[PDB]
Each structure stands twice: as C-alpha cells, then as structure tokens.
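All remarks here apply to the structure that follows.
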Amino acid sequence: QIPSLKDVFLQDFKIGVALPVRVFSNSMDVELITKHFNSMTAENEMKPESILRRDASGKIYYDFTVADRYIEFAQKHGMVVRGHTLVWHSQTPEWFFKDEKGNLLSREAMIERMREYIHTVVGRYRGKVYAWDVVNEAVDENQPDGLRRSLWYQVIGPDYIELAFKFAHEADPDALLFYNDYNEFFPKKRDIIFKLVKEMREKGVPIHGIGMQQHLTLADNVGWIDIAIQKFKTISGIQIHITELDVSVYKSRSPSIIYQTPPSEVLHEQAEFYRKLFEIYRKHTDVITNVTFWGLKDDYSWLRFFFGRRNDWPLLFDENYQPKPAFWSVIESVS
Ligand SMILES: CC(C)S[C@@H]1O[C@H](CO)[C@H](O)[C@H](O)[C@H]1O
C-alpha cells in the first residue's frame with residue numbers, strides 16, 4: 001500500500017542499502033529490502049579484515065564464504081552490488097603490511113600483495129559487482145600533500161591510490177571504480193578530493209566515480225552539499241554515488257542531550273532535511289546514479305554505537321519497519 005523507493009526514483013538513480021549478513025535469513029528484513037532497494041552494500045562483510053586470513057604457517061588466504069552470500073542474494077532478487085572496500089586505513093589487519101617477523105614489507109612486496117588482493121577479490125566477482133569503492137578515505141586536509149599518512153602511504157607511498165585503480169580495472173574492466181570519502185562537502189577536503197580525482201583522470205587512471213558518504217547530522221548545511229556536487233560534476237565523465245547516507249537527529253557526534261525516544265519536532269526537522277537533500281540529488285540526477293542508505297532501519301544504525309552507545313533514528317524506516325516522516329518527505333521530492 002506504501003510506495004517503493006526504487007520505483008519512485010527509477011528514472012533518477014538506484015536506491016541502495018548497507019546490510020549485515022544476518023538480514024538474509026530474517027523474512028521481515030528481506031521483505032523491506034526487496035520492496036524498496038535495487039542496490040546493496042555489505043556493511044562490513046567485504047572489508048579486508050572480513051576476507052583476509054592467515055593459516056598456522058603465516059600464509060595469507062581469502063575467506064569468501066560470507067561475501068558470496070551477498071552476490072547469491074543480489075542475483076536471486078535482481079539487485080546490483082556496490083563492493084566496499086578494497087583499500088582503506090581502517091578494518092584492515094596490521095599484519096597485512098608485515099612479514100612473518102612483524103617488519104614492514106618493502107614497497108615492491110606490498111605493491112605485489114595489494115595487486116594479488118585486488119585481483120583475487122575483484123576477479124572473483126567480475127561481472128557480478130557493478131561498482132567498487134577501490135580507495136576509501138585517503139584524504140587528510142591536515143597533511144602538506146592532503147593525503148592521510150596510513151600504512152598504505154608509509155609502506156607503498158602516495159601512488160598507492162592510482163595503483164589500486166589500475167589493478168581493479170585490470171581485474172574487472174567493466175566495473176565502475178569509485179574514490180569514496182566523508183566530510184566530502186567541507187570546502188578544504190572537497191577541494192583536495194576534486195584535485196586528486198581530476199589529476200588522476202587527466203593522466204588516464206581508470207577512476208569513474210566519486211563516492212560521497214553523506215554521513216550527515218541536522219547541523220549540516222545542505223547548500224554546501226549542492227556546491228560540492230556542482231564542483232565534482234565539472235570533472236568530465238565522472239559519475240557520483242551517494243554511498244553511506246544517514247542523518248543523525250543530533251547536531252554533533254558527542255551530544256550532551258541524548259533522547260530515549262525522538263521528539264516529534266526532531267523527526268519533522270529530519271523530514272525537512274531529507275526533503276531538501278533529495279531535491280538537491282534530483283537537481284544533480286545527470287551525475288548521481290546511486291543513492292545508498294547506511295542501514296535498513298533505525299535500530300540497525302552504526303550511529304547507535306560508533307560514537308558512543310545511544311539511540312538515534314537516522315534512516316527512513318523505524319525499529320518496526322514503518323515509514324518515518326522523512327520517508328514521506330523523500331517520496332514527495334518526486335510526487
Ligand atoms: C561506513 C562507515 C564505517 S565510513 C566512516 O566515516 C566516518 C565519518 O563520520 C569515520 O571517520 C570512519 O573513518 C568511517 O568508519
């Protein structure tokens with residue numbers, strides 16, 4: 001009786017959701033997923049720490065038993081999959097950068113290890129995962145060259161980013177390859193992301209897309225997001241995915257006032273925020289091809305623990321699978 005998000009936006013972009021693997025054996029989760037979403041991301045199950053293993057010898061092997069379940073589900077229900085993520089400073093074990101004795105690998109050895117990782121993961125899902133977050137969160141505006149000093153930078157160096165895109169494009173030449181980041185609409189970080197992606201495109205690096213995470217709060221200025229998308233879309237042939245959208249009911253990451261249940265006026269403010277947001281996304285439908293929400297429903301949200309244990313209601317569906325005020329205001333950005 002209520003309308004399907006994917007159908008309402010069928011002319012505009014894919015509507016996606018980030019999922020932990022347990023949802024596939026919960027009939028009520030499966031009902032909400034298949035009604036509303038034609039795209040899915042693994043919330044954690046395709047990150048390097050979720051696939052990388054060592055045996056007793058210290059030899060590296062890959063466990064795809066959980067990741068394969070996402071492709072199986074997607075094929076059964078006619079959904080596309082965003083692969084998240086190949087190269088990241090986070091959720092990657094420290095031993096991946098080291099030999100049997102805990103010394104840093106040589107640049108040559110780590111380039112080889114990166115190549116094998118990307119060829120194995122992207123190669124296994126060739127033709128089945130239409131888009132990859134190849135590199136995640138490489139930008140740090142506090143550094144002279146604007147690049148985070150992770151183990152990737154320390155062990156390989158600043159070309160680790162373009163090498164990751166090269167290897168992913170070799171493993172699946174048909175995949176759309178994304179650079180993904182957060183605070184992507186803050187002016188200093190936005191300008192560094194623009195410059196990184198534009199320069200890589202100009203020297204023929206196979207990057208096809210910017211992933212804008214859109215981890216937002218009610219304090220955020222949607223005007224800044226409009227401006228960021230205007231800047232990014234001036235890069236010839238780039239498309240944009242909104243990769244991890246959520247809207248915290250809080251106005252910072254450490255609120256002094258925490259809600260047990262959300263005030264009506266706070267759900268209404270969130271509904272108006274999501275309305276303005278989807279107006280800006282539709283305005284940029286020429287460049288935006290996928291909008292993915294970081295969680296199926298409010299009680300599954302990472303925002304209930306990652307910044308401290310608290311209730312938050314950041315999504316379009318509540319704890320009882322029911323549409324929120326924001327659901328209706330998002331639908332009405334079209335209807
Ligand atoms: C899907 C999430 C884990 S991405 C998330 O972005 C955040 C920004 O608020 C953090 O800085 C973390 O680096 C990252 O885990």
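Chain lettering (A, B, ...) mirrors the order of the structure tokens, residue numbering begins at 1 for each chain separately, and ligand numbering begins at 1 in order of display.
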
Contacts with ligand 1 at most 10 Å, only C-alpha atoms and all ligand atoms counted, listed as a short mmCIF file (atom, residue, chain, number, x, y, z; two decimals) with C-alpha atoms, in the first residue's frame:
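Saved the output as result_28.cif:
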```
data_model
loop_
_atom_site.label_atom_id
_atom_site.label_comp_id
_atom_site.auth_asym_id
_atom_site.auth_seq_id
_atom_site.Cartn_x
_atom_site.Cartn_y
_atom_site.Cartn_z
CA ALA A 18 24.05 -1.29 3.54
CA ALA A 42 27.91 -5.21 2.58
CA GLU A 43 28.15 -3.12 5.80
CA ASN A 44 31.40 -4.96 6.89
CA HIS A 84 33.03 -1.91 -0.25
CA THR A 85 36.00 -1.60 0.01
CA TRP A 88 41.36 1.56 3.45
CA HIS A 89 43.45 2.55 6.56
CA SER A 90 40.58 1.05 8.69
CA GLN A 91 39.22 -2.55 9.14
CA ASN A 136 38.30 4.82 0.89
CA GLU A 137 39.21 7.91 2.98
CA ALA A 138 42.75 8.59 1.58
CA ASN A 180 34.91 7.21 -1.52
CA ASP A 181 35.21 9.74 1.39
CA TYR A 182 33.35 11.58 4.24
CA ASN A 183 33.18 15.34 5.14
CA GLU A 184 33.37 15.50 1.30
CA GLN A 213 29.42 9.08 2.03
CA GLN A 214 26.85 11.73 3.22
CA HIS A 215 27.15 10.78 6.95
CA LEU A 216 25.10 13.88 7.91
CA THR A 217 23.68 15.47 11.09
CA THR A 243 27.36 5.77 -0.76
CA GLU A 244 26.51 5.83 3.02
CA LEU A 245 23.65 8.31 3.56
CA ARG A 253 28.97 13.39 17.30
CA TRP A 294 23.89 3.19 5.60
CA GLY A 295 21.45 0.76 7.26
CA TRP A 302 26.03 2.17 13.35
CA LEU A 303 25.13 5.60 14.90
CA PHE A 306 30.23 4.04 16.81
CA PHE A 307 30.35 7.48 18.63
#
```

Problem set entry | Exercise: residue 63 of chain A partners within 10 Å, only C-alpha atoms, chain neighbours under 6 positions left out, as a ChimeraX atom specification | /A:50-53

Export N, CA, C and O atoms of the chosen residues as a compact mmCIF listing (two decimals), in the first residue's frame?
```
# COMPACT_ATOMS: atom_id res chain seq x y z
N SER A 50 37.49 -8.71 6.95
CA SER A 50 36.39 -9.71 6.85
C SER A 50 36.77 -10.81 5.86
O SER A 50 36.14 -11.85 5.96
N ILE A 51 37.74 -10.60 4.96
CA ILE A 51 38.15 -11.59 3.92
C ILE A 51 39.55 -12.17 4.21
O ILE A 51 39.74 -13.38 3.98
N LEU A 52 40.50 -11.35 4.67
CA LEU A 52 41.90 -11.78 4.89
C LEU A 52 41.97 -12.72 6.10
O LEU A 52 41.38 -12.39 7.14
N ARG A 53 42.74 -13.79 5.94
CA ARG A 53 43.09 -14.77 7.00
C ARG A 53 44.57 -15.15 6.84
O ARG A 53 45.12 -15.02 5.71
```

Seminar exercise, completed: Shortest contact to residue 267 of chain A, candidates A:37, A:317, A:305, A:281, atoms counted only C-alpha atoms, goes to A:317

Per residue of segment 205-292 of chain A within 12 Å of segment 187-193 of chain A, what are the shortest atom pair and its distance in Å to one decimal, counting only C-alpha atoms, with rows by chain and residue number, as JSON lines?
```
{"residue": "A:209", "atom": "CA", "partner": "A:193", "partner_atom": "CA", "distance": 11.5}
{"residue": "A:210", "atom": "CA", "partner": "A:193", "partner_atom": "CA", "distance": 8.6}
{"residue": "A:211", "atom": "CA", "partner": "A:193", "partner_atom": "CA", "distance": 10.4}
{"residue": "A:212", "atom": "CA", "partner": "A:190", "partner_atom": "CA", "distance": 10.1}
{"residue": "A:221", "atom": "CA", "partner": "A:187", "partner_atom": "CA", "distance": 11.9}
{"residue": "A:223", "atom": "CA", "partner": "A:187", "partner_atom": "CA", "distance": 11.8}
{"residue": "A:224", "atom": "CA", "partner": "A:187", "partner_atom": "CA", "distance": 8.1}
{"residue": "A:225", "atom": "CA", "partner": "A:190", "partner_atom": "CA", "distance": 9.8}
{"residue": "A:226", "atom": "CA", "partner": "A:190", "partner_atom": "CA", "distance": 11.9}
{"residue": "A:227", "atom": "CA", "partner": "A:187", "partner_atom": "CA", "distance": 9.3}
{"residue": "A:228", "atom": "CA", "partner": "A:190", "partner_atom": "CA", "distance": 6.5}
{"residue": "A:229", "atom": "CA", "partner": "A:190", "partner_atom": "CA", "distance": 9.5}
{"residue": "A:230", "atom": "CA", "partner": "A:190", "partner_atom": "CA", "distance": 11.0}
{"residue": "A:231", "atom": "CA", "partner": "A:190", "partner_atom": "CA", "distance": 8.4}
{"residue": "A:232", "atom": "CA", "partner": "A:190", "partner_atom": "CA", "distance": 8.4}
{"residue": "A:235", "atom": "CA", "partner": "A:193", "partner_atom": "CA", "distance": 11.3}
```

For this session: Taking the chain letters and numbering used in this document, name the residues of segment 50-264 of chain A that DSSP puts in alpha helix (DSSP H), as number ranges by chain.
Result: A: 50-51, 67-77, 107-124, 151-155, 160-171, 187-202, 222-232, 264

Please provide as a PDB file with N, CA and C atoms, in the first residue's frame all residues within 12 Å of residue 104 of chain A, with the sequence filter that same-chain residues fewer than 3 positions apart are discarded (counting only C-alpha atoms).
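Contents of part_2.pdb, freshly written:
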```pdb
ATOM      1  N   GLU A  94      46.795  -5.064  10.685  1.00  0.00           N
ATOM      2  CA  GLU A  94      48.177  -4.516  10.652  1.00  0.00           C
ATOM      3  C   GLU A  94      49.164  -5.545  10.069  1.00  0.00           C
ATOM      4  N   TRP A  95      48.926  -6.852  10.267  1.00  0.00           N
ATOM      5  CA  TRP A  95      49.848  -7.912   9.798  1.00  0.00           C
ATOM      6  C   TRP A  95      49.857  -7.955   8.270  1.00  0.00           C
ATOM      7  N   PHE A  96      48.848  -7.388   7.603  1.00  0.00           N
ATOM      8  CA  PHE A  96      48.792  -7.381   6.120  1.00  0.00           C
ATOM      9  C   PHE A  96      49.958  -6.569   5.542  1.00  0.00           C
ATOM     10  N   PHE A  97      50.530  -5.668   6.327  1.00  0.00           N
ATOM     11  CA  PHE A  97      51.607  -4.744   5.874  1.00  0.00           C
ATOM     12  C   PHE A  97      52.977  -5.283   6.282  1.00  0.00           C
ATOM     13  N   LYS A  98      53.035  -6.499   6.838  1.00  0.00           N
ATOM     14  CA  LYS A  98      54.241  -7.016   7.530  1.00  0.00           C
ATOM     15  C   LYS A  98      54.582  -8.435   7.095  1.00  0.00           C
ATOM     16  N   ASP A  99      55.850  -8.801   7.307  1.00  0.00           N
ATOM     17  CA  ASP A  99      56.381 -10.167   7.067  1.00  0.00           C
ATOM     18  C   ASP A  99      56.166 -10.998   8.344  1.00  0.00           C
ATOM     19  N   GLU A 100      56.591 -12.273   8.302  1.00  0.00           N
ATOM     20  CA  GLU A 100      56.456 -13.275   9.399  1.00  0.00           C
ATOM     21  C   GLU A 100      57.031 -12.726  10.709  1.00  0.00           C
ATOM     22  N   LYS A 101      57.992 -11.803  10.650  1.00  0.00           N
ATOM     23  CA  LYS A 101      58.733 -11.313  11.839  1.00  0.00           C
ATOM     24  C   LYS A 101      58.183  -9.963  12.301  1.00  0.00           C
ATOM     25  N   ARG A 107      58.208  -1.766  -0.417  1.00  0.00           N
ATOM     26  CA  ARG A 107      57.239  -1.157  -1.363  1.00  0.00           C
ATOM     27  C   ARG A 107      56.880  -2.186  -2.440  1.00  0.00           C
ATOM     28  N   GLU A 108      57.895  -2.833  -3.019  1.00  0.00           N
ATOM     29  CA  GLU A 108      57.725  -3.831  -4.102  1.00  0.00           C
ATOM     30  C   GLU A 108      56.825  -4.972  -3.599  1.00  0.00           C
ATOM     31  N   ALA A 109      57.139  -5.532  -2.440  1.00  0.00           N
ATOM     32  CA  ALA A 109      56.389  -6.657  -1.841  1.00  0.00           C
ATOM     33  C   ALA A 109      54.955  -6.194  -1.524  1.00  0.00           C
ATOM     34  N   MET A 110      54.764  -4.963  -1.036  1.00  0.00           N
ATOM     35  CA  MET A 110      53.401  -4.502  -0.661  1.00  0.00           C
ATOM     36  C   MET A 110      52.585  -4.178  -1.924  1.00  0.00           C
ATOM     37  N   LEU A 151      49.228   3.259   6.828  1.00  0.00           N
ATOM     38  CA  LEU A 151      50.224   2.220   6.484  1.00  0.00           C
ATOM     39  C   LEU A 151      50.359   2.123   4.967  1.00  0.00           C
ATOM     40  N   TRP A 152      49.282   2.348   4.232  1.00  0.00           N
ATOM     41  CA  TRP A 152      49.349   2.359   2.754  1.00  0.00           C
ATOM     42  C   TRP A 152      50.355   3.427   2.286  1.00  0.00           C
ATOM     43  N   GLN A 154      52.770   4.867   4.127  1.00  0.00           N
ATOM     44  CA  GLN A 154      54.094   4.604   4.744  1.00  0.00           C
ATOM     45  C   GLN A 154      54.780   3.425   4.061  1.00  0.00           C
ATOM     46  N   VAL A 155      54.032   2.423   3.604  1.00  0.00           N
ATOM     47  CA  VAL A 155      54.647   1.170   3.084  1.00  0.00           C
ATOM     48  C   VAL A 155      54.828   1.258   1.565  1.00  0.00           C
ATOM     49  N   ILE A 156      53.856   1.812   0.841  1.00  0.00           N
ATOM     50  CA  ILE A 156      53.961   1.951  -0.641  1.00  0.00           C
ATOM     51  C   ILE A 156      54.327   3.384  -1.007  1.00  0.00           C
TER      52      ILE A 156
END
```

Exercise. Quick one: residues within 12 Å of residue 8 of chain A, only C-alpha atoms counted, chain neighbours fewer than 2 positions away excluded, as a VMD selection string?
Worked result: chain A and resid 2 to 6 10 to 15 35 to 38 278 282 327 to 328 330 to 335

Exercise. Got a sec: who's within 8 Å of residue 175 of chain A, counting only C-alpha atoms, leaving out chain neighbours fewer than 3 positions off, as a PyMOL selection string?
Worked result: chain A and resi 126-127+129-132+169+172

Resulting file, chosen residues, C-alpha atoms, as a PDB file, in the first residue's frame:
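As written to disk, result-v9.pdb reads:
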```pdb
ATOM      1  CA  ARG A 126      33.915  -9.987 -12.144  1.00  0.00           C
ATOM      2  CA  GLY A 127      30.614  -9.034 -13.894  1.00  0.00           C
ATOM      3  CA  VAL A 129      29.645  -6.347  -8.674  1.00  0.00           C
ATOM      4  CA  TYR A 130      28.924  -3.363 -10.986  1.00  0.00           C
ATOM      5  CA  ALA A 131      30.783  -0.781  -8.771  1.00  0.00           C
ATOM      6  CA  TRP A 132      33.733  -0.802  -6.294  1.00  0.00           C
ATOM      7  CA  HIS A 169      40.435  -2.035 -13.696  1.00  0.00           C
ATOM      8  CA  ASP A 172      37.213  -6.111 -13.960  1.00  0.00           C
TER       9      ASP A 172
END
```

For this session: Record the distance separating atom CA of residue 204 of chain A and atom CA of residue 106 of chain A, expressed in Å with one decimal.
Result: 26.5 Å

For this session: Find the residue from A:299, A:72, A:159, A:246 that sits nearest to residue 270 of chain A; use only C-alpha atoms when measuring.
Result: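 Looking at the shortest contact to residue 270 of chain A, the residue is A:246.
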
Output as a Markdown table one row per residue of segment 53-75 of chain A within 10 Å of segment 116-120 of chain A: the closest atom pair and its distance in Å to one decimal place, counting only C-alpha atoms, sorted by chain and residue number ascending.
```
| residue | atom | partner | partner_atom | distance |
| --- | --- | --- | --- | --- |
| A:60 | CA | A:117 | CA | 9.8 |
| A:61 | CA | A:117 | CA | 9.6 |
| A:62 | CA | A:120 | CA | 8.4 |
```
